[PDB]
Amino acid sequence: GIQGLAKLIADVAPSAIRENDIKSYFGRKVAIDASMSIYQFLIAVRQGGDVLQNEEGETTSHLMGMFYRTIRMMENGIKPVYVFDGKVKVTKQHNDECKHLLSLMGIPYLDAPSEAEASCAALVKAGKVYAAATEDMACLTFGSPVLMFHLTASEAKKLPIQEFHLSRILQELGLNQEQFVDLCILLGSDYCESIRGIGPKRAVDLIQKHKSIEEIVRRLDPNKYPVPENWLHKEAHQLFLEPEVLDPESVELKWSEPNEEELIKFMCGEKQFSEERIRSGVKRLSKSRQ
DNA sequence: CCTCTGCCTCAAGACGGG
DNA sequence: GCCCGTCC
DNA sequence: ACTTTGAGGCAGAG
Ligand SMILES: [K+]
């Protein structure tokens, strides 16, 4: 994500962070990064050193995680759309089996040209969902107006939901969106390096004073704060500001009734889940729809 | 103050019975 | 409520 | 990634 950004916001713009009750999200739609979440399931849902799996050794940890997490959100009246990345390893088989499961649950999903986080942001911008619920601060860096942070952790711990508001962030820092991108690069982004010596304090000052990365190097003393060689900040700046994304007007998001017999055939027949648990999950899914 | 860096420890996904 | 054992 | 791995606290040097 962005190295330090949540702590920085809590340190300098805490009013951009709202603590809200899970009950106030009832009826809201939220975009969720399927690629990221599959990966977390592959790491966490383990037994005796291995993922869960059927008799033939096919992994089911991603399905276990995605089935019950999705039911849990719907039971809270939060209607999710999952976004799959575009251009422990998450395979194509993981993706396709999670997509199959979600159709069978009646849960929508979209495929993203490139970065799921950015395309999640594009759904928020366009008003197609209320927020992105992801664990990546870079959603804010991609321009997303609202980001629900640690939704599942808060749900389990019966804790209030941290909700980051990009507009209040810019207002407290005195920064436009373009200038906020450059800050996040200085903090440390996935795309390129950060200047050694320049931490969260020094980064905010220079951005507020000078307003752009290229300006910074000119005013910076090269001897004291040398930038790394062939620094790709220009390209990273371009990846955040104008990312390849899907069209949020393009696909209608619809939430359908779950296809129980096909879910039994697939989760129980093939993947060898317990039939009682799958029916019990479906029943809660039906009740959630109301 | 400000950034490193190194040394430490401590859940982690979800459900449900006890 | 909180532990833990178990899920496949 | 639980027979491990990252964050997050904390303290000390440049
Ligand atoms: K740095």
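The sequence lines fix the lettering, A, B, ..., with proteins before strands; numbering per chain opens at 1. Values below: all heavy atoms of this structure, side chains included; hydrogens, waters and symmetry mates excluded.
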**Asked** So what's B:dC1 paired with, Watson-Crick or G-U wobble, going by both distances under 3.5 Å?
**Response**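 With both distances under 3.5 Å required, B:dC1 matches none.
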Rounded off to whole Å, could you give me the [atom1]-to-[atom2] distance for the [X] and [N] pair?
X	N	atom1	atom2	value
A:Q47	D:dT3	CD	P	11 Å
A:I38	B:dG13	CD1	P	15 Å
A:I71	B:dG13	CD1	P	18 Å
A:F41	C:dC8	CZ	P	15 Å
A:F273	C:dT6	CZ	P	18 Å
A:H150	B:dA12	NE2	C1'	11 Å
A:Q40	B:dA14	CD	P	10 Å
A:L8	B:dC2	CG	P	12 Å

**Message:** For the CZ atom on A:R46, are there more than 12 heavy atoms of other groups (residues, nucleotides or ligands in this structure) within a distance under 6.0 Å?
**Reply:**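 Atom CZ in A:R46 is packed in, count exceeds 12.
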Which nucleotide sits closest to the side chain of [X]: [options]?
X	options	answer
A:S274	C:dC8, B:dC15, D:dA1	C:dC8
A:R46	C:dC8, D:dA1, B:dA14	D:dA1
A:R277	B:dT3, C:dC7, D:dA1	C:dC7
A:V45	B:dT3, D:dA1, B:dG13	B:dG13
A:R196	B:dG16, B:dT5, B:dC15	B:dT5
A:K201	B:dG13, B:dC2, C:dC8	B:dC2

Looking at [X], does any N or O in its side chain come under 4.0 Å of the phosphate oxygens OP1/OP2 on [N]?
X	N	result
A:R69	B:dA14	yes
A:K157	B:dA12	yes
A:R284	B:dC15	yes

**Asked** Can A:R279 and A:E275 be counted as an ion pair, charged N to O under 4.0 angstrom?
**Response**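 A salt bridge links A:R279 with A:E275.
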**Request:** Give a yes or no on whether a salt bridge exists between A:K234 and A:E214, defined as a side-chain N under 4.0 angstrom from a carboxylate O.
**Result:**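 Salt bridge flag = yes for A:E214 with A:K234.
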Base, sugar-phosphate alone, or nothing: which one does [X] contact when heavy atoms must sit under 4.0 Å apart?
X	answer
A:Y39	base
A:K158	nothing
A:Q53	base
A:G65	nothing
A:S61	nothing
A:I198	sugar-phosphate

For nucleotides [N] and [M], find the distance between their [atom1] atoms and express it as a whole number of Å.
N	M	atom1	answer
B:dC15	D:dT5	P	27 Å
C:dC3	B:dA12	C1'	16 Å
B:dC8	C:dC7	P	38 Å
C:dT6	B:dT9	P	29 Å
D:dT3	D:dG8	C1'	24 Å

**Request:** List the atom of A:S37, the atom of A:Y82, and the distance in Å for their closest heavy-atom pair.
**Result:**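 Where A:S37 meets A:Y82 most closely, the heavy atoms are OG-CE2, 4.4 Å.
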**Prompt:** What distance separates A:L123 CG from A:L246 CG, expressed to the nearest 0.5 Å?
**Reply:**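 Interatomic distance, A:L123 CG to A:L246 CG, rounded to 0.5 Å: 5.5 Å.
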**Separation between CE of A:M36 and CG of A:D85, rounded to the nearest 0.5 Å** =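 The CG atom of A:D85 is 7.0 Å from CE of A:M36, to the nearest 0.5 Å.
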**Asked** Hey, which of A:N230, A:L239, A:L232 is the one that makes side-chain contact (heavy atoms from CB on, under 4.5 Å) with A:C192?
**Response**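 Exactly one candidate clears the test, A:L232.
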**Asked** Between the side chains of A:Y191 and A:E115, is a donor N or O closer than 3.5 angstrom to an acceptor N or O?
**Response**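 A pair is found: one side chain offers a donor N or O, the other an acceptor, under 3.5 Å apart.
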**Prompt:** Cut-off 3.5 Å, side chains only: do A:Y130 and A:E163 have a donor facing an acceptor?
**Reply:**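 On atom types as modelled, these side chains qualify, holding a pair under 3.5 Å.
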**Asked** What string of B, S and - do you get for nucleotides 8-14 of chain D, 5' to 3', if B is base contact, S is sugar-phosphate-only contact and - is no contact with any protein heavy atom under 4.0 Å?
**Response** -------
